[PDB]
Amino acid sequence: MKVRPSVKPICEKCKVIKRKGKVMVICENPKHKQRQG
Amino acid sequence: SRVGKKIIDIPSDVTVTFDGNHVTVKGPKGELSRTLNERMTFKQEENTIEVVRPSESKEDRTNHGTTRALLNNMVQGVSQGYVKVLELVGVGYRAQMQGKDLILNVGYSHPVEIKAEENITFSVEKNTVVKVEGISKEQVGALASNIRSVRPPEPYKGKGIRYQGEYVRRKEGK
Amino acid sequence: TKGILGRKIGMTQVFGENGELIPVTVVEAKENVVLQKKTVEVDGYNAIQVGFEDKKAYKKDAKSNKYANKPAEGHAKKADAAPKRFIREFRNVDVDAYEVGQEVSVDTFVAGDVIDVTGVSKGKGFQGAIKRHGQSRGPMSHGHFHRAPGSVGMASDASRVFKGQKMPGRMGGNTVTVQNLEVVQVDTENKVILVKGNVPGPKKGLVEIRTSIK
Amino acid sequence: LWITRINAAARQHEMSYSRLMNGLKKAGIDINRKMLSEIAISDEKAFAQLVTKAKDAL
Amino acid sequence: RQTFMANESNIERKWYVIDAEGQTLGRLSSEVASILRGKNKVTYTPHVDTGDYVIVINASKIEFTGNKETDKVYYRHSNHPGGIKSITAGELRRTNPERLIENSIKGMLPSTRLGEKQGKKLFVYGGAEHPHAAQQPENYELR
RNA sequence: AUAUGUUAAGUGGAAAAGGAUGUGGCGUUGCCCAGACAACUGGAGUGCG
RNA sequence: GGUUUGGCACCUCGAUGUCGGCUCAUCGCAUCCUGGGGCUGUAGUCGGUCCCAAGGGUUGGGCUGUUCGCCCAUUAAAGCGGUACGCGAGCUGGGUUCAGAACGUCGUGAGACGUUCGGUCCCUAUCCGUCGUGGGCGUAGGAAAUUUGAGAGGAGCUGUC
RNA sequence: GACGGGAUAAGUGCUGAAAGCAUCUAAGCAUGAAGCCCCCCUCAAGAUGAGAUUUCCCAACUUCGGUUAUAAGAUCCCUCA
């Protein structure tokens, strides 16, 4: 996945949720996984 | 908290006892499911249970959705059935049953053998469909993933254990 | 599971039945007696206690450590043995041994091929930074650093020598064990084990031949 | 040191030190003295009536 | 002039046993490090050993608030190079609960010629029993 | 000690552009009883292979 | 971030005396190898990126005083940095920077700044530190043996068939 | 330098609300590395918190309230590894 310090929704299928105090982006695609928000 | 509103709707064939701060459930399929309710009030008048919710500070609101979706899945758990079917894909794969321990010829140099639990049921269809009947919702949930994690499904030829009702991904290997 | 005590004799070689050639160690094992049995009923652990190569009894003008004194004779009276010279102690055994003194048989290692031999060492005493630790030495033609250690530390940002450098001192004498040796041939009427390969000690030493853990 | 002994005298009568050298400036005009924590060591019956007079007008 | 100095045969030091269950770690160790120094009594002087012997039972039920059970660590060193060793306060409750309280108290004791003798009036036990019944303690309701 | 509210990271007890359904206060709007938003059953129109 | 080239002139001119390689280390993670994963424009073998990870390992030579460097044969890999650009009361003195001499060049002149051949490297360890090994007294009587292990050290790699 | 065992990191999870759905989490649960704590080898009770188990020696005095000696045990001395 993409470990970058700016998470941002790219398309409409991608949602934002915080797990263990980290803003993550989980999505149906495998290329749109993002953390470290 | 609209999940914190619906009733349990005990169908008048179900045993529910508030053993202090526990719940002991006996039913016509599986009995003696024990659990915990931390501080929510349960008024259990005549075959229905309404949960009284305290005030603000979401600690008193997050646990109000949980502690009445934990018992709603036991009253409708000791009677009803479960989504539990598991399907294999590929050539030369077979799900062979040996007693109550499943052995999966899955494409290795060693066959993988799984062990069972208490109040749960393994059953195998024709060659390659593996059911897991149970009464604990975590036990049927875990052992549908302890089986699946032997070989997760591929994005190329589909081979490996999957569920029934979910689409795996496809590509072109060129 | 248990072991015996042994006095090293020497090294020669036997031949295998297939055509091989085994270098072997002659370890004799004379009179061995279980002197007590430390249990968890009384204070402590679970163990037994063997002796080896008994001494003489007692004398009024007892001059040296040939004769047994009064404290180390009543200890070898309850277990009704002669006073033994080298007393050691073995854990991780059964309770097949009696607390009263029965003799430990050399006929219990007839094919047990997992053997730890726990000797002392030969005790060289020849000190030195090269021969103790296997360090290198400088050029004996161009420069000067013929046999010596070098920097004992880094420099003035430390300004100390770290505990555990490598300096001269008395080499040899530390107890070592060797693991997973095998047994070739046991004997009666000589009470000799033939344990394969070298053992850690001088001649007329003392070894402790116990069954391996790995 | 004198303040340490007085503080370890009023806490057994369930009062602070800072509640004790408050009342004895305000209830009475008991003159400010801390070397005369010798009363608390010597005569506990003498030290008790001061604690009565401090609570009385505070 | 008129001051008092309590000395080696002018005082007694009686025993206290304190149930250390159901209360936190550093809120307990202040009503122990002041009993060992003797600030519950008048005729407190410096430079002598006043105070009371303190016994602690139920070391297994002390508390922590927040993630101190996983993010409080106890670094120690060993004077060889590269020797720092780490141990957390969640595995120290279960393994050796006799040491955990005994260093929560001895960090609060003075300069260490007499503060070594004050600290050794403290007996820390893990269970609910103690072999000091021959010394006649009593329960101390600490605030 | 006291009367009141805030913080859940050991922040307090090292520093930025940017990101963020963390949470508390003060205002403003548009839909909502024809019951509304969400799920839930059968017009060249929003991504797709 | 504080390793490069620098800026300031605060510490040492009654001494802080300067480069690389031998001998022996030791630490950091911004990881070269090995261990576990996530995407992949990943069919399979090979790869590419990014995140957790310091436990061990990290070759032998030719040319240069060499720092960099370039090449040759391998190997699982031939990591980048700090410790007075680690270490000269441990070694080297080839180098840089002494007196002799020569060229090129500049100077009317004594002489001078790029190369060249030669050119003394001192010390018996008082205290802290480290590696070994013995006396004294203490553990409430005085002695002979055998041991629990609080803690602290050691080891940790991997090829090919 | 073996093979294990217990707790974890990145990650993969199951049930589940805040937020009728969705959701690896906030309450509860599984799994997971040559790394961490043990396992294996060595030193270690001066660990002044100075531990433990077996065994040996135990009287004649004096008012000196405590001694002088012997016991069990080691040692100087000589023949040596």
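Residue numbers (the deposited numbering), protein chains in the order written: chain LI, 1 to 37; chain LL, 2 to 175; chain LC, 2 to 215; chain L3, 60 to 117; chain LM, 2 to 144. Yeah, the Cβ is synthetic: ideal placement off N, Cα and C, and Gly gets one too.
With distance defined between alpha-carbon atoms, name the residue in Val208 (chain LC), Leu207 (chain LC), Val96 (chain LC), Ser122 (chain LC) nearest to residue 259 (chain LC). No statement about residue 259 (chain LC) is possible, as the shown extent of chain LC runs from 2 to 215 and does not include it.
Residue environment, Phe146 (chain LC), which counts as buried when at least 16 other CB atoms sit within 10 Å: Counting from 1 along the third sequence, the entry for residue 146 (chain LC) is found at position 145. Under this definition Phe146 (chain LC) is an exposed residue.
Buried or exposed: which applies to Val177 (chain LC), given that a residue is buried once 16 or more other Cβ atoms fall within 10 Å of its Cβ? Mapped onto the third sequence, residue 177 (chain LC) falls at position 176. Burial call: exposed.
Can you list, in chain order, the residues of its chain whose CB lies under 7 angstroms from that of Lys116 (chain LL), leaving out five sequence neighbours each side? The residue you call residue 116 (chain LL) lines up with position 115 of the second sequence. Cβ within range, chain order: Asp102.
Coarse secondary structure for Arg3 (chain LL), derived from DSSP in three states: Here the question's residue 3 (chain LL) lines up with position 2 in the second sequence. Of the three classes helix, strand and coil, the one that applies to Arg3 (chain LL) here is helix, per DSSP.
Cβ distance (whole Å) where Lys38 (chain LC) is taken to contact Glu100 (chain LC) below 8 angstroms: Mapped onto the third sequence, residue 38 (chain LC) falls at position 37. Mapped onto the third sequence, residue 100 (chain LC) falls at position 99. Indeed they touch by this definition, with Cβ atoms about 4 angstroms apart.
Tell me whether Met75 (chain LL) sits in a helix, a strand or coil according to DSSP, three-state version. The residue given as residue 75 (chain LL) occupies position 74 in the second sequence. Residue state, collapsed to three classes: helix.
Per DSSP, which one or two residues make a beta bridge with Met24 (chain LI)? Taking the first residue of the first sequence as 1, we reach residue 24 (chain LI) at position 24. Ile17 (chain LI), per the DSSP bridge assignment.
Contact check, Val90 (chain LL) vs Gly21 (chain LL), beta carbons under 9 angstroms: Within the second sequence, numbered from 1, the residue matching residue 90 (chain LL) stands at position 89. Within the second sequence, numbered from 1, the residue matching residue 21 (chain LL) stands at position 20. Their beta carbons are not under 9 angstroms apart, which means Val90 (chain LL) does not touch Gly21 (chain LL) by this criterion.
Are the Cβ atoms of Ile10 (chain LC) and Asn33 (chain LC) separated by less than 9 angstroms? Locating residue 10 (chain LC) in the third sequence gives position 9, counting from the first residue. Locating residue 33 (chain LC) in the third sequence gives position 32, counting from the first residue. Not a contact, by the Cβ cut-off of 9 angstroms.
Quick one: Cα of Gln186 (chain LC) to Cα of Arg94 (chain LM), how far? Taking the third sequence and counting its residues from 1, one reaches residue 186 (chain LC) at position 185. Taking the fifth sequence and counting its residues from 1, one reaches residue 94 (chain LM) at position 93. Using only the alpha carbons, I get a separation of about 54 angstroms.
Counting contacts by CB-CB distance shorter than 9 angstroms, is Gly165 (chain LC) in contact with chain LM? Numbered from 1 along the third sequence, position 164 holds the residue referred to as residue 165 (chain LC). At least one chain LM Cβ lies under 9 angstroms of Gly165 (chain LC).
Go through its chain and collect everything with a Cβ distance to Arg211 (chain LC)'s Cβ below 6 angstroms, but skip five positions before and after it. Position 210 of the third sequence, counted from the start, is the residue given in the question as residue 211 (chain LC). The answer, listed in chain order, is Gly4, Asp117.
Looking at C-alpha atoms only, which residue of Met172 (chain LC), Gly17 (chain LC), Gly206 (chain LC) is the closest neighbour of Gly126 (chain LC)? Here residue 126 (chain LC) is taken as the residue at index 125 of the third sequence, counted from 1. Among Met172 (chain LC), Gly17 (chain LC), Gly206 (chain LC), the Cα nearest to that of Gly126 (chain LC) is on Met172 (chain LC).
Identify the contact partners of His81 (chain LM) in chain LC, using a Cβ-Cβ distance below 8 angstroms as the criterion. For the purposes of this step, residue 81 (chain LM) is taken as the residue at position 80 of the fifth sequence. Neighbours of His81 (chain LM) on chain LC, chain order: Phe163, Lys164, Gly165.
Which runs of the alpha helix (DSSP H), 4 residues or longer, sit entirely within the stretch 11 to 90 of chain LL? 60 to 67, 73 to 76
Please report the straight-line C-alpha distance between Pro98 (chain LM) and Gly84 (chain LM), rounded to a whole angstrom. Your numbering for residue 98 (chain LM) matches position 97 in the fifth sequence. Your numbering for residue 84 (chain LM) matches position 83 in the fifth sequence. So the alpha carbons of these two residues sit roughly 24 angstroms apart.
Go ahead and pull the three-state DSSP assignment for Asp89 (chain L3). By one-based count along the fourth sequence, residue 89 (chain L3) stands at place 30. It is coil, neither helix nor strand.
Rounded to a whole number of angstroms, what is the C-alpha to C-alpha distance between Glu54 (chain LC) and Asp114 (chain LC)? Start at 1 with the first residue of the third sequence, and residue 54 (chain LC) comes out as number 53. Start at 1 with the first residue of the third sequence, and residue 114 (chain LC) comes out as number 113. In a straight line, the C-alpha of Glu54 (chain LC) is about 26 angstroms away from that of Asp114 (chain LC).
Can you tell me which of the three DSSP states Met12 (chain LC) falls into? The residue given as residue 12 (chain LC) occupies position 11 in the third sequence. Three-state DSSP puts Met12 (chain LC) in a strand.
Through-space distance from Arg89 (chain LC) to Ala83 (chain LC), alpha-carbon basis: Indexing the third sequence from 1 puts residue 83 (chain LC) at position 82. Indexing the third sequence from 1 puts residue 89 (chain LC) at position 88. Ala83 (chain LC) and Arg89 (chain LC): Cα-Cα distance of roughly 15 angstroms.
Looking at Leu195 (chain LC): is its Cβ nearer than 9 angstroms to the Cβ of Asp188 (chain LC)? Within the third sequence, the letter at position 194 stands for residue 195 (chain LC). Within the third sequence, the letter at position 187 stands for residue 188 (chain LC). Yes, they are a contact pair.
Report buried or exposed for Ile9 (chain LL), applying the criterion of at least 16 other Cβ atoms within 10 angstroms of its Cβ. Stepping through the second sequence from its first residue, residue 9 (chain LL) is reached at position 8. By the 10 Å Cβ count, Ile9 (chain LL) comes out buried.
What in chain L3 is Cβ-close to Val43 (chain LM), meaning under 7 angstroms? As a position in the fifth sequence, residue 43 (chain LM) is number 42, starting the count at 1. What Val43 (chain LM) touches in chain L3: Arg64, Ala67, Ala68, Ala99, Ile100.
So, helix, strand or coil for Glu134 (chain LL), using DSSP? Here residue 134 (chain LL) corresponds to residue number 133 of the second sequence, with the count starting at 1. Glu134 (chain LL): strand per DSSP, three-state reduction.
For a cutoff of 9 angstroms on Cβ pairs, would you count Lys86 (chain LM) as touching chain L3? The residue labelled residue 86 (chain LM) in the question sits at position 85 within the fifth sequence. With 9 angstroms as the cut-off, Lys86 (chain LM) does not count as an interface residue toward chain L3.
Own chain residues within Cβ distance below 7 angstroms of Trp61 (chain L3), not counting five before or after: Residue 61 (chain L3) sits at position 2 when you count from the first residue of the fourth sequence. Once the five neighbours on either side are set aside, the close Cβ partners of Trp61 (chain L3) are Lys93, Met94, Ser96.
Please check the pair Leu115 (chain LM) and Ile63 (chain LM), which I expect to be a contact at CB under 8 angstroms, by giving their CB distance rounded to whole angstroms. In the fifth sequence, counting from the first residue as 1, residue 115 (chain LM) sits at position 114. In the fifth sequence, counting from the first residue as 1, residue 63 (chain LM) sits at position 62. Rounded, the Cβ-Cβ distance is 27 angstroms, inconsistent with contact.
Please tell me whether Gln108 (chain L3) has its Cβ less than 9 angstroms away from any Cβ of chain LM. Residue 108 (chain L3) sits at position 49 when you count from the first residue of the fourth sequence. Not one chain LM Cβ lies under 9 angstroms of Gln108 (chain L3).
Go ahead and label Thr71 (chain LM) buried or exposed: buried means 16 or more other beta carbons lie within 10 angstroms of its beta carbon, across all protein chains shown. Along the fifth sequence, read from residue 1 onward, the residue named residue 71 (chain LM) stands at position 70. Per the 10 Å Cβ criterion, exposed.
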